[PDB]
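A structural walkthrough
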Amino acid sequence: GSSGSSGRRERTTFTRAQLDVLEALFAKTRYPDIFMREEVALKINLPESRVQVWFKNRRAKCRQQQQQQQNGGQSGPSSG
């Protein structure tokens, strides 16, 4: 039984303004410091969390892009 579940969010997707910055920091340093993260999260008006995430969700792509690296292999069946 839903209990409250109240509250209005701000935004779900990143805005050109937010990206332009986020990327700017990702292009200079993939692993920023607390000071850097705080600044942006405070500038782009976003929660330090979103910042840390975007960085992970974005970088994680390096793998989805047929990362040139031989490791081994594995199967991936489906369920019903």
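Residues numbered from 1 in each chain as written, not as in the entry; some residues may be left out. Heavy atoms only, no water.

Going by the header, the method for this PDB entry is solution NMR.

Going by the PDB entry, the chain carries the name Homeobox protein OTX2 and comes from Mus musculus. Each PDB entry has a title, and for this one the record gives "Solution structure of the homeobox domain of Homeobox protein OTX2".

A word on the environment of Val40
Inspection of the secondary structure assignment puts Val40 in helix α2 (residues 34–45). Given a relative accessible area of 7%, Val40 falls into the buried group. Along the chain, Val40 and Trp54 lie 14 residues apart, while their C-alpha atoms are 12 Å from each other. Those residues within four positions of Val40 in sequence are excluded, and the remaining contacts are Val21, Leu22, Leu25, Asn45 and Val51. (Helix = DSSP H or I, 4+ residues; strand = E, 2+ residues; numbered from the N terminus. Buried < 20%, exposed > 50% of the residue type's maximum accessible area, 1.4 Å probe, protein only. Contact = heavy atoms within 4.5 Å.)

Looking at the packing of aromatic side chains
Taken as a whole and judged by the stated rule, the model has 3 aromatic pairs. When the centroid spacing of 5.5 Å and the interplanar angle of 90 degrees are considered together, the rings of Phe26 and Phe55 count as edge-to-face. Here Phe26, found in helix α1 (residues 16–28), pairs with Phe55, found in helix α3 (residues 48–59); they are 29 residues apart in sequence, far enough to count as distant. Per residue, the accessibility class of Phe26 equals that of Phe55, and both read buried. Both rings, one in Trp54 and one in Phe55, keep their centres 5.4 Å apart while their planes meet at 70 degrees; by these two values the pair is edge-to-face. For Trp54, a relative accessible area of 7% corresponds to the buried category. Positioned above the aromatic ring of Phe14 is the side chain of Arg50, whose terminal nitrogen or guanidinium carbon lies 4.2 Å from the ring centre. (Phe/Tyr/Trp six-rings, centres within 6.5 Å; stacked < 30°, edge-to-face > 60°. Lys NZ or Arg CZ within 6 Å of the ring centre and 35° of its normal.)

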